[PDB]
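Asks: What follows is a structure written as structure tokens; I'll ask about it next.
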Amino acid sequence: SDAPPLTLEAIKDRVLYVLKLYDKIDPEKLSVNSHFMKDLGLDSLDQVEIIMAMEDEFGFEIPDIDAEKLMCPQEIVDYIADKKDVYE
Amino acid sequence: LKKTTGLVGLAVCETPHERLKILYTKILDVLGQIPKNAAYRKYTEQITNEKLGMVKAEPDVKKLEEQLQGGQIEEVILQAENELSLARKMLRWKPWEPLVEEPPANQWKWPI
Amino acid sequence: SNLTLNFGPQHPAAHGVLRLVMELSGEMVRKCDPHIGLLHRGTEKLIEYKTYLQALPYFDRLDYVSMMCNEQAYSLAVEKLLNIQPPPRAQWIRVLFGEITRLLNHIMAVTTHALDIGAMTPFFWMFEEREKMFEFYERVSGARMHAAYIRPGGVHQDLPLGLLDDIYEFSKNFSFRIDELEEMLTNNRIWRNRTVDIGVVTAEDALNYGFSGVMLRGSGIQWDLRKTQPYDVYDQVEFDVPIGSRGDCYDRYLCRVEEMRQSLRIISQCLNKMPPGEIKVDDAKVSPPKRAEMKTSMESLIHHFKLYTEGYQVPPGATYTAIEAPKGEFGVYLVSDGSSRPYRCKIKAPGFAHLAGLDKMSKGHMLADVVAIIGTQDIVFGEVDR
Amino acid sequence: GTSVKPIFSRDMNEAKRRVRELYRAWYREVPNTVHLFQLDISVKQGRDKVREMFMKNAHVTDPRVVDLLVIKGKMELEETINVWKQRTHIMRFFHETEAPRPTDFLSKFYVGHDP
Amino acid sequence: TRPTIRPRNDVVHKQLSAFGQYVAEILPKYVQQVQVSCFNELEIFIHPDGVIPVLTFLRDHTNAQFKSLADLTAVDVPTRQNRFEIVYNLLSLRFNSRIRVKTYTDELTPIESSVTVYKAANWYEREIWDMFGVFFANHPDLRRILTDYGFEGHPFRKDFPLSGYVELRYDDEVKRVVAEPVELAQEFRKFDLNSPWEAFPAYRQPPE
Amino acid sequence: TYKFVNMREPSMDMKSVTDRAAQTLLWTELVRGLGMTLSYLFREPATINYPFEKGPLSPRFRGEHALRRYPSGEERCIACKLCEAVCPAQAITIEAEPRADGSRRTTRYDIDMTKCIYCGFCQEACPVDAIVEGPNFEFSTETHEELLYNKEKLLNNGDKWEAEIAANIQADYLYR
Ligand SMILES: CCCCCCCCCCCC(=O)SCCNC(=O)CCNC(=O)[C@H](O)C(C)(C)COP(=O)(O)O
Ligand code: SF4
Ligand code: SF4
């Protein structure tokens with residue numbers, strides 16, 4: 001069959017794996033609720049790179065107006081879950 | 001009757017008189033929607049009425065070409081089409097209105 | 001996905017400096033994108049640092065196949081800005097050498113076009129005539145092509161004794177060389193297969209695309225600047241304007257051959273009507289005095305010194321002056337700020353617009369057809385890039 | 001009022017959005033440029049260079065100037081994607097044959113007169 | 001005033017003046033000035049917004065029929081608030097006449113592209129953008145035409161130096177052509193040519 | 001006044017149609033072209049036997065530059081710098097000072113022959129016929145540096161070519 005029924009936990013884990021490969025984010029002080037600008041100190045350009053890596057990982061494009069709101073891993077998880085129609 | 005206009009891409013027009021009458025009538029109809037005091041309206045109506053009367057007054061195509069001073073009645077038809085398109089664009093643009101802005105003080109001063 | 005190809009610059013049919021990015025489906029040409037500037041030397045900016053005399057030789061090197069015609073266009077622009085008149089004998093010499101120059105250019109265009117197509121022999125026959133014509137250039141000026149002979153105010157020097165007879169001797173024989181070229185090409189079925197209905201352009205499209213010269217007259221447009229807007233003494237010579245009917249390569253080639261014949265006619269009239277008199281304007285604030293006068297009289301020495309150091313001041317103003325150069329309308333937009341150096345000099349070259357029309361002209365054709373169309377546009381990149 | 005005609009953007013937000021689009025396009029393009037031009041740099045080097053070029057103009061606060069900068073960046077990207085640029089043009093961004101010019105006062109004093 | 005002096009043509013001067021008045025009457029919204037030079041050349045100075053409506057008129061009106069765009073160029077005048085003068089030279093074959101249309105812009109204000117009026121304008125506008133930095137709105141394909149790939153600056157601006165900023169050479173360590181800051185074995189020698197005495201009294205300006 | 005170049009019509013009589021068919025099937029115009037090339041084959045060629053034979057040149061021909069002298073051996077050049085001012089390529093560099101006997105003479109006279117465009121404006125501008133473009137055109141070199149002429153090189157050129165230069169000037173100066 002096709003891909004298994006991806007869930008919120010898998011989405012969060014893959015998002016965290018993608019983020020921990022970013023060289024400007026501290027691997028062990030990153031949480032599901034961390035803010036890229038306030039806590040990680042990431043710049044606006046850095047955020048764009050993070051969303052591009054997310055697009056690569058999850059295989060679907062994210063437009064600029066949607067990508068601007070995503071400011072923490074939890075927002076990215078909720079966006080992906082809403083787009084993929086996943087409630088668990 | 002004429003074999004070729006001699007110009008590449010310009011076809012020979014059968015019944016040029018009727019085509020010209022239609023085009024000049026359409027031009028006058030479009031110009032009727034332009035304000036009466038606009039110089040474009042009065043000038044174009046004057047020249048269009050001259051050409052329309054000249055077309056109605058001479059049934060020979062060669063003599064009509066000689067009178068119109070327009071160079072080979074097919075090009076007269078093309079020029080009428082161009083004038084009709086311009087008249088529609090001018091109705092949209094309304095250039096009869098006052099100048100939008102005065103240039104800066106020394107915009108056109110030459111030398112320096 | 002179409003295949004993308006670099007046609008030139010290092011290509012035989014690319015004229016040395018043209019890089020053409022071509023999108024092809026097989027050999028069908030889906031798109032032509034000419035990339036130019038490989039011979040952009042910044043002429044227009046360099047001229048802003050020269051006097052008008054110092055700027056004159058830059059025009060020899062724009063369309064290096066038609067030198068004296070460029071000189072004449074620039075000289076006419078400067079003379080219009082100066083409000084002066086060249087002497088009649090200078091104007092007759094100018095027209096004569098302009099027609100010799102048209103002969104040179106049409107030989108180059110027709111024979112190189114034939115060489116792209118594949119007929120290599122007429123190039124060799126006609127380039128000896130070009131050589132003889134080069135001697136006429138060198139005898140009048142000391143240089144085979146970059147003469148700098150035609151200057152604002154007239155010409156630099158008078159004709160040497162015996163030049164007119166030799167020009168007559170060449171002119172009474174050139175018609176047979178034209179006949180041999182036409183015997184090789186005009187009725188040949190391979191040549192017609194390579195040229196007929198290739199690069200057909202309509203009259204309306206030719207006008208809207210900025211075309212000039214044969215690129216107009218091949219499509220039936222009855223226009224020639226020598227007839228409609230004459231300069232020098234062109235309103236005193238009789239000639240005919242060749243007019244095409246199909247707007248294709250074959251009609252344009254026929255037009256160029258007939259223009260060569262009409263140039264022979266004009267040259268004959270110029271040879272028989274050359275008047276006596278001075279050869280530059282008798283105004284030492286513009287044209288330099290004779291060397292004997294410079295070494296004898298105080299005013300002549302002062303004016304020589306000033307004209308060769310500072311140059312003449314030109315009254316402020318701007319002119320667009322155009323001529324019927326062998327490749328089409330060649331124009332100069334010259335802006336004078338009142339000083340002895342031009343403020344701005346925009347050069348209008350017919351090949352610029354003609355090459356901008358190449359992608360439109362190549363629609364529905366093959367690679368060899370595009371080679372033929374490049375040849376039929378008569379492009380020199382010295383004037384295209386400037 | 002200032003009565004100024006825009007180019008593309010009315011304020012700084014739309015200009016910043018266009019900047020982000022151009023940055024995404026360049027970031028995506030860099031690996032293809034490394035492969036096609038046969039460069040000896042890494043993809044990280046190219047992206048770091050792209051970032052550096054963008055950062056060079058971070059101080060601009062005029063939306064029209066930002067729009068024109070984005071237009072020029074789009075022109076450069078189109079030149080790169082179509083391989084109109086050669087390897088020399090791409091490598092010109094790195095200045096690999098220019099000697100390092102000193103910045104402190106003393107070295108400039110020793111070497112010459114330029115301030 | 002005989003052989004040396006260029007002759008005048010009053011007939012053409014009057015005809016051009018009348019046609020300039022005609023054009024100014026028809027398009028008062030955009031026409032700012034009309035001039036006829038003494039060598040019989042007609043110039044129409046317009047507001048930038050009227051680039052398309054004026055050109056179209058001059059192309060399509062039955063009494064104008066300026067079907068040919070001979071040339072389109074720009075002139076840089078740094079002392080003006082609007083730096084760049086945009087010049088259109090048009091030719092009418094039907095009436096055997098020429099006309100010049102002039103407008104202005106600065107570094108940051110786009111000019112409407114006229115490719116929908118004259119296709120010939122395409123490359124010309126590219127050249128202007130290449131040489132002066134004037135952006136043309138709604139141009140189908142606007143990019144450099146004359147300069148090298150990646151070239152920075154607009155060479156035809158008056159403040160751009162004649163030799164530019166960079167030059168090229170082949171370097172063997174990297175096995176390629178490289179660009180480096182320009183150094184000249186002989187510096188171009190600036191000449192001061194202007195005479196300190198006025199040449200043309202007819203063009204004297206008020207002394208402020 | 002104009003003419004048409006391709007506006008003719010073929011006659012449709014059986015004679016002309018059969019002649020056209022014979023041309024199509026028997027390739028008559030191709031044979032005509034072959035005959036033209038065969039005729040050229042038996043003509044005398046236009047090639048000259050260089051370097052034993054040379055192309056004709058005029059007294060006005062512009063060649064390698066030279067600096068000239070008066071018949072007493074004194075240099076003609078008096079360092080007015082008109083040639084330097086007029087030079088369109090800025091190929092001339094001149095430095096001057098009073099000589100030991102007080103004469104106005106150059107200490108530096110350089111022509112960059114890789115900058116030069118060989119226009120002859122320098123010799124037109126010169127008031128004393130000091131700098132000229134001579135008749136020599138065969139002076140190719142193996143290095144760039146040899147084409148940067150100093151004053152000694154130009155004086156040597158004048159001394160070497162004066163016999164020809166004076167005759168050419170005598171031939172042409174009544175036109176100048
Ligand atoms: C391989 C080599 C290729 C080289 C390619 C070179 C391409 C050059 C393209 C140049 C493009 C531009 O200049 S585009 C002009 C640059 N943009 C601005 O100046 C706007 C104001 N500054 C800012 O917004 C911030 O500094 C910003 C850093 C942008 C982030 O902002 P955020 O934090 O709010 O997200
Ligand atoms: S020939 Fe012309 S370019 Fe050469 S040195 Fe003389 S003036 Fe200068
Ligand atoms: S060569 Fe002639 S023009 Fe040049 S400095 Fe000497 S005298 Fe003057």
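In the structure tokens, chains take letters A, B, ... by order of appearance, with residues numbered from 1 within each chain and ligands from 1 in the order shown.
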Identify all chain E residues at most 6 Å from chain C by counting only C-alpha atoms; ligands do not count. Present them as a list in words.
Replies: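 Every residue meeting the condition is included here: residues 4, 5, 6, 68, 69, 118, 119, 120, 146, 147 and 193 of chain E.
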Asks: Residues of chain D within 12 Å of chain C, counting only C-alpha atoms, what are they? List them as a PyMOL selection string.
Replies: chain D and resi 79+82-85
Asks: Report as a list in words all protein, DNA and RNA residues lying within 9 Å of stretch 95-103 of chain D, evaluated on only C-alpha atoms, omitting residues in the same chain fewer than 6 positions from it.
Replies: residues 171, 173, 174, 178, 179, 180 and 181 of chain E
Asks: Fewer than 2 positions away in the same chain doesn't count, so skip those; otherwise give me all residues within 12 Å of residue A:23, counting only C-alpha atoms, as a PyMOL selection string.
Replies: (chain A and resi 18-21+25-27+40+42+46+49-50) or (chain D and resi 44)
Asks: Restricting the output to N, CA and C atoms, write the selected residues as a PDB file, in the first residue's frame.
Replies:
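New file part28.pdb:
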ATOM      1  N   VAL A  18      14.519  17.616  11.406  1.00  0.00           N
ATOM      2  CA  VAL A  18      14.927  18.608  10.415  1.00  0.00           C
ATOM      3  C   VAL A  18      15.544  19.823  11.092  1.00  0.00           C
ATOM      4  N   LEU A  19      14.948  20.285  12.194  1.00  0.00           N
ATOM      5  CA  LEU A  19      15.466  21.470  12.871  1.00  0.00           C
ATOM      6  C   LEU A  19      16.820  21.218  13.523  1.00  0.00           C
ATOM      7  N   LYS A  20      17.040  20.028  14.081  1.00  0.00           N
ATOM      8  CA  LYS A  20      18.308  19.741  14.740  1.00  0.00           C
ATOM      9  C   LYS A  20      19.462  19.567  13.762  1.00  0.00           C
ATOM     10  N   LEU A  21      19.186  19.474  12.464  1.00  0.00           N
ATOM     11  CA  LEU A  21      20.233  19.482  11.453  1.00  0.00           C
ATOM     12  C   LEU A  21      20.642  20.892  11.044  1.00  0.00           C
ATOM     13  N   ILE A  25      21.127  26.350  15.245  1.00  0.00           N
ATOM     14  CA  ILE A  25      20.211  26.062  16.341  1.00  0.00           C
ATOM     15  C   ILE A  25      20.901  25.108  17.302  1.00  0.00           C
ATOM     16  N   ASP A  26      20.884  25.452  18.591  1.00  0.00           N
ATOM     17  CA  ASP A  26      21.499  24.601  19.600  1.00  0.00           C
ATOM     18  C   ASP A  26      20.728  23.291  19.693  1.00  0.00           C
ATOM     19  N   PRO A  27      21.397  22.154  19.495  1.00  0.00           N
ATOM     20  CA  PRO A  27      20.668  20.879  19.383  1.00  0.00           C
ATOM     21  C   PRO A  27      19.864  20.505  20.616  1.00  0.00           C
ATOM     22  N   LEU A  40      16.147  31.299  19.884  1.00  0.00           N
ATOM     23  CA  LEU A  40      17.258  30.779  19.092  1.00  0.00           C
ATOM     24  C   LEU A  40      18.091  31.902  18.484  1.00  0.00           C
ATOM     25  N   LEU A  42      17.598  33.367  15.731  1.00  0.00           N
ATOM     26  CA  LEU A  42      17.621  33.266  14.280  1.00  0.00           C
ATOM     27  C   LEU A  42      17.124  34.539  13.616  1.00  0.00           C
ATOM     28  N   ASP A  46      17.126  33.238   8.156  1.00  0.00           N
ATOM     29  CA  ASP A  46      17.278  31.906   8.731  1.00  0.00           C
ATOM     30  C   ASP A  46      15.937  31.179   8.762  1.00  0.00           C
ATOM     31  N   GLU A  49      15.035  29.747   5.428  1.00  0.00           N
ATOM     32  CA  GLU A  49      15.796  28.528   5.185  1.00  0.00           C
ATOM     33  C   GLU A  49      15.161  27.348   5.916  1.00  0.00           C
ATOM     34  N   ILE A  50      14.690  27.592   7.137  1.00  0.00           N
ATOM     35  CA  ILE A  50      14.049  26.549   7.931  1.00  0.00           C
ATOM     36  C   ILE A  50      12.778  26.040   7.255  1.00  0.00           C
TER      37      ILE A  50
ATOM     38  N   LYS D  44      27.548  24.788   0.575  1.00  0.00           N
ATOM     39  CA  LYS D  44      27.534  25.690   1.719  1.00  0.00           C
ATOM     40  C   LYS D  44      28.272  26.986   1.413  1.00  0.00           C
TER      41      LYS D  44
END
Asks: Could you check the closest approach to ligand 3 for each of C:52, C:378, C:304, C:19 and tell me which residue wins, using only C-alpha atoms and all ligand atoms?
Replies: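 Selected residue with least distance to ligand 3: C:304.
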Asks: At most 6 Å is the cut-off: for each residue in chain D with any atom that close to an atom of ligand 1, write down the nearest atom pair and the distance in Å rounded to one decimal, counting only C-alpha atoms and all ligand atoms, chain first then increasing number, as JSON lines.
Replies:
{"residue": "D:16", "atom": "CA", "partner": "ligand 1", "partner_atom_place_in_ligand_line": "24 (O)", "distance": 5.7}
{"residue": "D:19", "atom": "CA", "partner": "ligand 1", "partner_atom_place_in_ligand_line": "14 (S)", "distance": 5.4}
{"residue": "D:46", "atom": "CA", "partner": "ligand 1", "partner_atom_place_in_ligand_line": "1 (C)", "distance": 4.7}
{"residue": "D:49", "atom": "CA", "partner": "ligand 1", "partner_atom_place_in_ligand_line": "2 (C)", "distance": 5.7}
{"residue": "D:50", "atom": "CA", "partner": "ligand 1", "partner_atom_place_in_ligand_line": "4 (C)", "distance": 5.0}
{"residue": "D:53", "atom": "CA", "partner": "ligand 1", "partner_atom_place_in_ligand_line": "8 (C)", "distance": 5.0}
{"residue": "D:54", "atom": "CA", "partner": "ligand 1", "partner_atom_place_in_ligand_line": "10 (C)", "distance": 4.9}
{"residue": "D:55", "atom": "CA", "partner": "ligand 1", "partner_atom_place_in_ligand_line": "28 (C)", "distance": 5.1}
{"residue": "D:57", "atom": "CA", "partner": "ligand 1", "partner_atom_place_in_ligand_line": "19 (O)", "distance": 4.5}
{"residue": "D:58", "atom": "CA", "partner": "ligand 1", "partner_atom_place_in_ligand_line": "26 (O)", "distance": 3.4}
{"residue": "D:59", "atom": "CA", "partner": "ligand 1", "partner_atom_place_in_ligand_line": "19 (O)", "distance": 5.5}
{"residue": "D:60", "atom": "CA", "partner": "ligand 1", "partner_atom_place_in_ligand_line": "19 (O)", "distance": 4.3}
{"residue": "D:61", "atom": "CA", "partner": "ligand 1", "partner_atom_place_in_ligand_line": "21 (C)", "distance": 5.7}
{"residue": "D:66", "atom": "CA", "partner": "ligand 1", "partner_atom_place_in_ligand_line": "15 (C)", "distance": 4.9}
{"residue": "D:69", "atom": "CA", "partner": "ligand 1", "partner_atom_place_in_ligand_line": "13 (O)", "distance": 4.8}
{"residue": "D:70", "atom": "CA", "partner": "ligand 1", "partner_atom_place_in_ligand_line": "14 (S)", "distance": 4.7}
{"residue": "D:73", "atom": "CA", "partner": "ligand 1", "partner_atom_place_in_ligand_line": "9 (C)", "distance": 3.9}
{"residue": "D:90", "atom": "CA", "partner": "ligand 1", "partner_atom_place_in_ligand_line": "2 (C)", "distance": 5.8}
{"residue": "D:93", "atom": "CA", "partner": "ligand 1", "partner_atom_place_in_ligand_line": "2 (C)", "distance": 5.6}
Asks: Those same residues - C-alpha atoms - I'd like them written as a PDB file, in the first residue's frame.
Replies:
ATOM      1  CA  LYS D  16      10.495  42.301   2.015  1.00  0.00           C
ATOM      2  CA  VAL D  19      13.244  39.869  -1.175  1.00  0.00           C
ATOM      3  CA  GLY D  46      27.770  29.209  -2.440  1.00  0.00           C
ATOM      4  CA  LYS D  49      28.071  33.827  -0.456  1.00  0.00           C
ATOM      5  CA  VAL D  50      24.448  34.345  -1.485  1.00  0.00           C
ATOM      6  CA  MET D  53      25.423  39.439  -1.011  1.00  0.00           C
ATOM      7  CA  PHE D  54      21.937  39.892   0.428  1.00  0.00           C
ATOM      8  CA  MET D  55      23.337  41.099   3.746  1.00  0.00           C
ATOM      9  CA  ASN D  57      22.209  45.697   1.264  1.00  0.00           C
ATOM     10  CA  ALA D  58      20.463  45.129   4.613  1.00  0.00           C
ATOM     11  CA  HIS D  59      20.612  48.828   5.512  1.00  0.00           C
ATOM     12  CA  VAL D  60      18.339  49.976   2.662  1.00  0.00           C
ATOM     13  CA  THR D  61      15.069  51.509   3.872  1.00  0.00           C
ATOM     14  CA  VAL D  66      14.609  47.500  -2.611  1.00  0.00           C
ATOM     15  CA  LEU D  69      17.710  45.605  -6.067  1.00  0.00           C
ATOM     16  CA  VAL D  70      15.315  42.657  -6.353  1.00  0.00           C
ATOM     17  CA  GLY D  73      19.032  40.060  -8.369  1.00  0.00           C
ATOM     18  CA  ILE D  90      30.339  33.004 -11.148  1.00  0.00           C
ATOM     19  CA  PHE D  93      31.946  36.808  -6.558  1.00  0.00           C
TER      20      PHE D  93
END
